[PDB]
Protein chains: 2
Amino acid sequence: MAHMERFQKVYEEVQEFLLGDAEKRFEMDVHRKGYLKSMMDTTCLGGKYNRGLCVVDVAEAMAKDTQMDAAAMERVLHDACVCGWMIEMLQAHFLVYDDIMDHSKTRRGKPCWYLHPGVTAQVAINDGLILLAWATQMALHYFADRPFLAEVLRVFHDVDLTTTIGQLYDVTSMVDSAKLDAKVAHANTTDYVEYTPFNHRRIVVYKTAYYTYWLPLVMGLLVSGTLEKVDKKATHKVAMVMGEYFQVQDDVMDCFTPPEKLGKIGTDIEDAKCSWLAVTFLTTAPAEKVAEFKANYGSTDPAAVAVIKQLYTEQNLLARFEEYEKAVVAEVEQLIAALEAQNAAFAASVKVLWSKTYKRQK
Amino acid sequence: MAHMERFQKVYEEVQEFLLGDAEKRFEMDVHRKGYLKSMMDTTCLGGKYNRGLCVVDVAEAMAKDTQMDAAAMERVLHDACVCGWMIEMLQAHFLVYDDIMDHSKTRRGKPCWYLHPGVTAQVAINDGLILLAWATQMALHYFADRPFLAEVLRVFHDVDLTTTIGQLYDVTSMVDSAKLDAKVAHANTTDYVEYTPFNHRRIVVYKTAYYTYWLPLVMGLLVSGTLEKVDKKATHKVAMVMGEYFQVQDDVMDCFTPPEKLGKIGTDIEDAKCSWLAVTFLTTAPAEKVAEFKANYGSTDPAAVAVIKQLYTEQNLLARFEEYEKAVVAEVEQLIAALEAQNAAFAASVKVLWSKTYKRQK
Ligand SMILES: CCCCc1ccc[n+](CC(P(=O)(O)O)P(=O)(O)O)c1
Ligand SMILES: CCCCc1ccc[n+](CC(P(=O)(O)O)P(=O)(O)O)c1
Ligand SMILES: CC(C)CCOP(=O)(O)OP(=O)(O)O
Ligand SMILES: CC(C)CCOP(=O)(O)OP(=O)(O)O
Ligand SMILES: [Ca+2]
Ligand SMILES: [Ca+2]
Ligand SMILES: [Ca+2]
Ligand SMILES: [Ca+2]
Ligand SMILES: [Ca+2]
Ligand SMILES: [Ca+2]
């Protein structure tokens, strides 16, 4: 929408900055400079830019609600774009690692970075660290004289921590939690006791909600200097609700949306993930169907996978998702009404975010 | 080792903080807390603690020099221990990843983290991110009301960046740099045209000197509030010299120090990495020797690795290292004497660091 063109211009600026700083500081040669350019473009581009563009929608909503001159509005928007790129590059970094962890094939319609034959998991592992480091470099450089530098770093780093703990819950969700010893191999579960609504919510809140919903909102507020003009606790709550839903959508599109339209080949089923479908199925389905699920789940065999999808379809998981979505919409709507009573400007930028989220198809 | 007891007590302190904060903020369960505890202990302990201890030695030298009273000195030492642990965790993070990247077997006399049977490289990859995040968490918590907080973050993230570019030079150094395409597999070199003193210096200065020499000295100065009492240029210079040399010793020991004494099993020869021995040997040995080294280096075959070590031995590599160490001793001493003319206290703390480095055996 409104800010794409400006946001993409800032990408070019920030890339030239970053590559030039490496030349100046690290004696970066021409070939590695180009490798780094292709790496940044491959990992950071091609997504929907929902997190980055939110920073800009929020910042501008709040800046217009303030009285400021042309140069100050221009500054807010530019800083917002830089902040948005910190988050997109945080995403880039998380996706490089997660694609390795999940041993996946495609991301955003192209092979996963680690799967580029001129890269491999060995180089990709270090490329991911460069991405994370650059996001902090952006703040240190662009916001060196800004009052919100310290607060930006604190929220960005807190969120980076939060997401790694989220990923921890995710990556250990298929193993009995009583059996984690860094000294003993552990088999995947066969009984699925821990596939509970509580465990699924815990995963999604921490691995997705904080960095996808909370971070863009807060950063938008930080760069426009209006973080003390909104109810902190309601902002966190609406971000948790939308974020949980956003990840329920993800765990509901990797089992029913063609890879081709999504841009990625989910393997929740093969990998026995504690997805919203698995928890919803395990807690509502009849007993023979639960057993048949346990004999088929967690299996690479395409015939086992097809059995799970058939069981999910018989269980009416799409319709259960529709009902959950109605409940979410009801709650979001009212959290937004209450934010609107306090700060109508901020509440509008929450609608813009929610609009890009509700009933999305990829 | 005046500060070891205090340093270790701070580790217990910081660990209990970190685990407790995840309980409070991420609904961390008792099993993953236990997992996290063992991960921390396994990846962060068992090293020599040169980096961490140097922060405290520098901080104390400067606090004595500025005549701090007992209250102030106790704060400075405690802050210095936290900074020290930020660096030891940075190291922890770097080695978790590097062990994966290098496919190594032992770190500090135990199996590499990713090789723990209950871990695997899948989990280790996210674990390494938790270590990095925790490093920032320490500063955000303990230095929340400290004016040096921003400069601590700044130098920390800069050095982390520098090291990852350092690591990029390392992992791409055995492939032809003109053939650095992400779309095209890269065969390892057969002619070694890029195995030069310039390329070797660039690798080790960036992957090693910054975080191992410069980062500890600076943090010791920042926490004691004395960074504005020493020559920044001379400080950086002496860090670069000691740090390159520190990497040279690490390269010499890969080939000549028994894995047992060392705590690790280097595969420089098998991976044919741009070490200080290979580079020197190539630009010191003849053509017949160079040709025999080209048809032996980069092979996992035990006989071929024995040929390499035998070439090195016959080319008197140990002896060329002694001579190199003489020139470095002459130059470090001159640079310390120069520092000592300006602030005797900081120069003495650079000597403490030098003396734990010069002629170390592991
Ligand atoms: C290292 C943090 C990885 C964080 C993270 C958080 C949320 C989603 N992902 C990737 C998704 P996907 O690969 O985009 O479908 P997941 O594997 O379903 O969770 C990664
Ligand atoms: C991943 C970031 C850089 C990691 C890094 C930096 C310096 C030395 N090391 C490890 C050593 P070692 O594995 O301790 O011998 P190297 O593999 O010889 O370089 C790792
Ligand atoms: C958060 C998680 C579901 C990963 C996918 O995030 P996304 O769908 O926003 O991906 P893009 O960055 O490619 O838009
Ligand atoms: C820089 C590189 C040689 C890394 C190993 O560093 P180190 O020998 O200081 O390791 P410890 O932290 O185990 O003492
Ligand atoms: Ca994934
Ligand atoms: Ca995943
Ligand atoms: Ca998914
Ligand atoms: Ca190594
Ligand atoms: Ca290495
Ligand atoms: Ca080594």
# chains A, B, ... in the order shown; residues from 1 in each chain; ligands from 1

$ residues_near_ligand --ligand "ligand 10" --cutoff "6 Å" --atoms "only C-alpha atoms and all ligand atoms" --output "list in words"
residues 250, 251, 254 and 266 of chain B

$ closest_atom_pairs --of "chain A" --to "ligand 9" --cutoff "12 Å" --atoms "only C-alpha atoms and all ligand atoms" --output "CSV"
residue,atom,partner,partner_atom_place_in_ligand_line,distance
A:122,CA,ligand 9,1 (Ca),10.4
A:123,CA,ligand 9,1 (Ca),11.1
A:126,CA,ligand 9,1 (Ca),10.7

$ write_last_selection --atoms "N, CA and C atoms" --output "compact mmCIF listing (two decimals), in the first residue's frame"
# COMPACT_ATOMS: atom_id res chain seq x y z
N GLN A 122 26.59 -25.25 5.78
CA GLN A 122 27.80 -24.78 6.42
C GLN A 122 28.05 -23.27 6.26
N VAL A 123 27.82 -22.72 5.06
CA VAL A 123 27.99 -21.28 4.86
C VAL A 123 26.72 -20.54 5.34
N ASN A 126 26.60 -19.37 8.87
CA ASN A 126 27.22 -18.10 9.20
C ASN A 126 26.51 -16.89 8.55

$ atom_distance --atom1 "atom 13 (O, counted along the ligand's line) of ligand 3" --atom2 "atom CA of residue 59 of chain A"
22.2 Å

$ atom_distance --atom1 "atom CA of residue 111 of chain A" --atom2 "atom CA of residue 353 of chain A"
28.6 Å

$ closest_atom_pairs --of "chain A" --to "chain B" --cutoff "7 Å" --atoms "only C-alpha atoms" --output "Markdown table"
| residue | atom | partner | partner_atom | distance |
| --- | --- | --- | --- | --- |
| A:31 | CA | B:178 | CA | 6.0 |
| A:35 | CA | B:180 | CA | 6.4 |
| A:101 | CA | B:122 | CA | 5.0 |
| A:116 | CA | B:183 | CA | 5.7 |
| A:117 | CA | B:185 | CA | 4.8 |
| A:118 | CA | B:182 | CA | 3.9 |
| A:119 | CA | B:182 | CA | 5.3 |
| A:122 | CA | B:101 | CA | 4.9 |
| A:123 | CA | B:171 | CA | 6.7 |
| A:126 | CA | B:164 | CA | 6.6 |
| A:129 | CA | B:164 | CA | 6.5 |
| A:130 | CA | B:164 | CA | 5.9 |
| A:133 | CA | B:161 | CA | 5.3 |
| A:136 | CA | B:157 | CA | 6.9 |
| A:140 | CA | B:154 | CA | 6.9 |
| A:150 | CA | B:150 | CA | 6.6 |
| A:154 | CA | B:140 | CA | 6.9 |
| A:157 | CA | B:133 | CA | 6.8 |
| A:160 | CA | B:133 | CA | 6.8 |
| A:161 | CA | B:133 | CA | 5.2 |
| A:164 | CA | B:130 | CA | 5.9 |
| A:168 | CA | B:126 | CA | 6.9 |
| A:171 | CA | B:123 | CA | 6.8 |
| A:177 | CA | B:31 | CA | 6.1 |
| A:178 | CA | B:31 | CA | 6.3 |
| A:180 | CA | B:35 | CA | 6.6 |
| A:181 | CA | B:118 | CA | 5.6 |
| A:182 | CA | B:118 | CA | 4.2 |
| A:183 | CA | B:118 | CA | 5.3 |
| A:184 | CA | B:118 | CA | 4.6 |
| A:185 | CA | B:118 | CA | 4.3 |
| A:186 | CA | B:118 | CA | 6.2 |

$ write_last_selection --atoms "N, CA and C atoms" --output "compact mmCIF listing (two decimals), in the first residue's frame"
# COMPACT_ATOMS: atom_id res chain seq x y z
N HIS A 31 34.22 -9.65 -4.70
CA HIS A 31 33.50 -10.92 -4.88
C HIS A 31 32.62 -11.27 -3.73
N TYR A 35 28.60 -11.63 -3.23
CA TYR A 35 27.97 -12.75 -2.57
C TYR A 35 26.96 -12.24 -1.46
N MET A 101 16.62 -25.96 10.09
CA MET A 101 16.16 -26.82 11.20
C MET A 101 15.07 -27.75 10.74
N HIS A 116 20.80 -23.57 -1.82
CA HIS A 116 21.61 -23.07 -2.91
C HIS A 116 22.92 -23.83 -2.97
N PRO A 117 23.31 -24.38 -4.15
CA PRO A 117 24.49 -25.30 -4.18
C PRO A 117 25.80 -24.55 -3.94
N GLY A 118 25.79 -23.25 -4.23
CA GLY A 118 26.93 -22.42 -3.89
C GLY A 118 26.93 -21.89 -2.45
N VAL A 119 26.03 -22.39 -1.60
CA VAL A 119 25.92 -21.94 -0.21
C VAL A 119 26.17 -23.12 0.73
N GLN A 122 26.59 -25.25 5.78
CA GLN A 122 27.80 -24.78 6.42
C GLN A 122 28.05 -23.27 6.26
N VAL A 123 27.82 -22.72 5.06
CA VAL A 123 27.99 -21.28 4.86
C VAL A 123 26.72 -20.54 5.34
N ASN A 126 26.60 -19.37 8.87
CA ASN A 126 27.22 -18.10 9.20
C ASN A 126 26.51 -16.89 8.55
N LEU A 129 23.95 -15.30 10.77
CA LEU A 129 24.49 -14.44 11.84
C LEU A 129 24.80 -13.05 11.33
N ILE A 130 25.21 -12.97 10.06
CA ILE A 130 25.46 -11.68 9.43
C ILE A 130 24.17 -10.87 9.34
N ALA A 133 23.19 -9.53 12.79
CA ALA A 133 24.11 -8.46 13.10
C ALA A 133 23.76 -7.17 12.28
N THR A 136 20.95 -4.92 13.88
CA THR A 136 21.53 -4.00 14.87
C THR A 136 22.41 -2.89 14.29
N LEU A 140 22.29 1.29 14.95
CA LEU A 140 23.48 1.97 15.44
C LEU A 140 23.87 3.09 14.51
N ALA A 150 18.12 3.54 22.30
CA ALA A 150 18.30 2.60 23.40
C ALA A 150 17.08 1.70 23.48
N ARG A 154 16.57 -2.37 22.91
CA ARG A 154 16.04 -3.19 24.03
C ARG A 154 14.87 -4.04 23.55
N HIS A 157 16.09 -6.66 20.80
CA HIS A 157 16.77 -7.80 21.50
C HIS A 157 15.94 -8.67 22.44
N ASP A 160 14.07 -10.80 20.08
CA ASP A 160 14.88 -11.81 19.47
C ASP A 160 15.01 -12.95 20.47
N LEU A 161 15.31 -12.65 21.74
CA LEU A 161 15.31 -13.69 22.79
C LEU A 161 14.01 -14.49 22.82
N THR A 164 13.55 -17.05 20.05
CA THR A 164 14.45 -18.26 20.22
C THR A 164 13.87 -19.23 21.31
N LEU A 168 12.54 -22.87 20.67
CA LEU A 168 12.87 -24.00 21.55
C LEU A 168 11.63 -24.88 21.86
N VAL A 171 10.81 -26.82 18.60
CA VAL A 171 11.70 -27.85 18.14
C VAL A 171 11.70 -29.07 19.09
N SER A 177 8.67 -34.16 27.18
CA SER A 177 9.50 -33.14 27.88
C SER A 177 10.30 -33.72 29.06
N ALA A 178 9.79 -34.76 29.70
CA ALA A 178 10.48 -35.50 30.78
C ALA A 178 11.76 -36.21 30.30
N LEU A 180 14.04 -34.94 27.99
CA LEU A 180 15.18 -34.12 27.46
C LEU A 180 16.40 -34.19 28.38
N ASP A 181 17.51 -34.82 27.96
CA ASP A 181 18.91 -34.92 28.45
C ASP A 181 19.87 -34.74 27.27
N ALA A 182 20.71 -33.70 27.31
CA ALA A 182 21.67 -33.43 26.21
C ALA A 182 22.62 -34.62 26.06
N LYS A 183 22.48 -35.63 26.92
CA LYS A 183 23.35 -36.84 26.88
C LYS A 183 22.61 -38.06 26.31
N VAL A 184 21.31 -37.95 26.08
CA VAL A 184 20.58 -39.17 25.67
C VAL A 184 19.72 -38.88 24.45
N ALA A 185 19.80 -39.69 23.38
CA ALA A 185 18.89 -39.51 22.24
C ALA A 185 17.46 -39.74 22.71
N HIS A 186 16.56 -39.00 22.11
CA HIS A 186 15.15 -39.20 22.45
C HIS A 186 14.35 -39.49 21.20

$ residues_near_ligand --ligand "ligand 4" --cutoff "9 Å" --atoms "only C-alpha atoms and all ligand atoms" --output "ChimeraX atom specification"
/B:44-51,88,91-92,94-95,107-108,204,207-209,211-212,243,246-251,262-263,362
